[PDB]
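Peer 1: Following this message is one structure expressed as structure tokens.
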Amino acid sequence: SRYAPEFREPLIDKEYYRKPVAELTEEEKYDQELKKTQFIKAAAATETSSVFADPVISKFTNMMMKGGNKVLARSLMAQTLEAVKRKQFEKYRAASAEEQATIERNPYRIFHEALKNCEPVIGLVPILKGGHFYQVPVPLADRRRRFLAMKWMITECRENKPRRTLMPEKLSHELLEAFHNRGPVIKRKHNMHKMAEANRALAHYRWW
RNA sequence: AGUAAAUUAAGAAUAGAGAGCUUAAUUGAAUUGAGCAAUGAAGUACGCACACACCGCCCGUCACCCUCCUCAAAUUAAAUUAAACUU
Ligand SMILES: [Mg+2]
């Protein structure tokens, strides 16, 4: 890295800086005073104070990008969100007043609740004990649990789709199916959890 | 980490000749542990009949030639003795 270890990650929260001084906890108040005598990293090209920037969706975009084609990957995510909004508007208009209440037309809220439905609480680590490969039930961190949900989505759509279907049409159809706990990405989570019960007694081999 | 990946340009050398090489630029990620059971290294302790240094040293059965010794059925071979007393 070209940043020395003494550099601090930038804080790009607009409201945080403009809060009244008394509203800030003394711990936060102390850090701000310390940061005045430190070096701050430059903000990333994609780090902005925009009110429409969601870290979860921005991360999902980077996991789809191939060869640094951010314009294409962002376009694919923009087309997906729109394909989900247009799919719920059609259902909402073609539904009764009672049914209309339940229907969710926010694509950003369908994406977050979809991913969370696919996240697995426990995973598996492959281990070779006595020249035999065993996978031991592991408890997954918040970072490993989130990564696996996004990875499983980007892999079901990339591979298990018809040749002429497009990613905005497969991903939209999968975010909505996961949003209802019916999709194949949810089935992957159910299989992972079910296998952990099979290897329930083999967690002892853990050394880490 | 401006890394990987992807995409460009130029240069060396040639008369010409690389999908090779050198260099410059662009776009631009994911991830980094509740680590040491193992693998390797380092440190400490201990062991060593190894020092060619464990790809070490090393012990028995088995296999030819040669040296010495022992036992043993028998056979024969030479060797080796000592006196006893009568009249
Ligand atoms: Mg040439």
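As shown in the structure tokens, the chain order sets the letters A, B, ...; within each chain, residues go from 1, and ligands are also counted from 1 in the order they appear.
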Could you give me, as a ChimeraX atom specification, every polymer residue with an atom at most 10 Å away from an atom of ligand 1, counting only C-alpha atoms (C1' of nucleotides) and all ligand atoms?

Peer 2: /B:13-14,16-18,20

Peer 1: For chain B versus chain A, which residues have an atom no more than 7 Å away, and what is each residue's nearest atom pair and distance in Å rounded to one decimal, using only C-alpha atoms (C1' of nucleotides), chain-then-number order, as a Markdown table?

Peer 2:
| residue | atom | partner | partner_atom | distance |
| --- | --- | --- | --- | --- |
| B:1 | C1' | A:1 | CA | 6.5 |
| B:5 | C1' | A:67 | CA | 4.7 |
| B:6 | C1' | A:67 | CA | 4.0 |
| B:27 | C1' | A:68 | CA | 5.5 |
| B:28 | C1' | A:68 | CA | 3.9 |
| B:29 | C1' | A:62 | CA | 6.2 |
| B:30 | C1' | A:63 | CA | 6.6 |
| B:34 | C1' | A:208 | CA | 6.9 |
| B:35 | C1' | A:208 | CA | 4.8 |
| B:37 | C1' | A:207 | CA | 6.4 |

Peer 1: Mind checking which residues fall within 12 Å of residue 143 in chain A, counting only C-alpha atoms (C1' of nucleotides), ignoring those fewer than 3 positions away in the same chain, and posting them as a PyMOL selection string?

Peer 2: (chain A and resi 56+119-121+139-140+146-150) or (chain B and resi 31)

Peer 1: One decimal, in Å: what's the spacing between CA of residue 31 in chain A and CA of residue 8 in chain A?

Peer 2: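 Pair CA of residue 31 in chain A / CA of residue 8 in chain A returns 11.1 Å.
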
Peer 1: Neighbouring residues of range 32-41 of chain A were defined as those with any atom within 6 Å, considering only C-alpha atoms (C1' of nucleotides); residues of the same chain fewer than 3 positions away were excluded. Please report them as a list in words.

Peer 2: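 Once the nearby chain positions are removed, what remains is residues 7, 8, 9, 10 and 29 of chain A.
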
Peer 1: Name all residues at most 10 Å from range 85-88 of chain A (count only C-alpha atoms (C1' of nucleotides); drop same-chain ones fewer than 6 positions away) and give them as an mmCIF file with N, CA and C atoms, in the first residue's frame.

Peer 2:
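Listing of around.cif after writing:
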data_model
loop_
_atom_site.group_PDB
_atom_site.id
_atom_site.type_symbol
_atom_site.label_atom_id
_atom_site.label_comp_id
_atom_site.auth_asym_id
_atom_site.auth_seq_id
_atom_site.Cartn_x
_atom_site.Cartn_y
_atom_site.Cartn_z
ATOM 1 N N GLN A 79 -30.338 -2.387 -14.095
ATOM 2 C CA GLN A 79 -31.379 -3.070 -14.857
ATOM 3 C C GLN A 79 -32.132 -4.065 -13.986
ATOM 4 N N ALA A 94 -52.526 -5.341 -10.902
ATOM 5 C CA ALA A 94 -53.400 -6.456 -11.243
ATOM 6 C C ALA A 94 -53.839 -7.238 -10.011
ATOM 7 N N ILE A 103 -48.207 -6.433 -1.152
ATOM 8 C CA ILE A 103 -47.206 -6.372 -2.210
ATOM 9 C C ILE A 103 -46.184 -5.291 -1.898
ATOM 10 N N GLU A 104 -44.907 -5.650 -2.005
ATOM 11 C CA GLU A 104 -43.796 -4.740 -1.756
ATOM 12 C C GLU A 104 -43.223 -4.287 -3.090
ATOM 13 N N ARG A 105 -43.175 -2.972 -3.299
ATOM 14 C CA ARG A 105 -42.724 -2.401 -4.560
ATOM 15 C C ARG A 105 -41.382 -1.693 -4.439
ATOM 16 N N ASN A 106 -40.715 -1.797 -3.291
ATOM 17 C CA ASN A 106 -39.400 -1.195 -3.119
ATOM 18 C C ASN A 106 -38.343 -2.211 -3.531
ATOM 19 N N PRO A 107 -37.582 -1.973 -4.604
ATOM 20 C CA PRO A 107 -36.555 -2.952 -4.986
ATOM 21 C C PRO A 107 -35.408 -3.025 -3.997
ATOM 22 N N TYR A 108 -35.052 -1.905 -3.363
ATOM 23 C CA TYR A 108 -33.971 -1.920 -2.384
ATOM 24 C C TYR A 108 -34.343 -2.747 -1.162
ATOM 25 N N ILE A 110 -36.509 -5.304 -1.273
ATOM 26 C CA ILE A 110 -36.589 -6.696 -1.699
ATOM 27 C C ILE A 110 -35.198 -7.309 -1.766
ATOM 28 N N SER A 172 -33.337 -10.661 -11.186
ATOM 29 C CA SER A 172 -34.613 -10.139 -10.709
ATOM 30 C C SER A 172 -35.557 -11.271 -10.328
ATOM 31 N N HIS A 173 -35.620 -12.320 -11.150
ATOM 32 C CA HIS A 173 -36.496 -13.446 -10.859
ATOM 33 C C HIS A 173 -36.022 -14.266 -9.669
ATOM 34 N N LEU A 176 -36.563 -11.977 -6.149
ATOM 35 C CA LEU A 176 -37.963 -12.049 -5.751
ATOM 36 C C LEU A 176 -38.330 -13.431 -5.232
#

Peer 1: Per DSSP on the backbone, what are the strand (DSSP E) residues of chain A, as a PyMOL selection string?

Peer 2: chain A and resi 7-8+39-40+122-128+133-139

Peer 1: What gap, in Å, lies between CA of residue 202 in chain A and CA of residue 134 in chain A?

Peer 2: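 The value is 8.2 Å.
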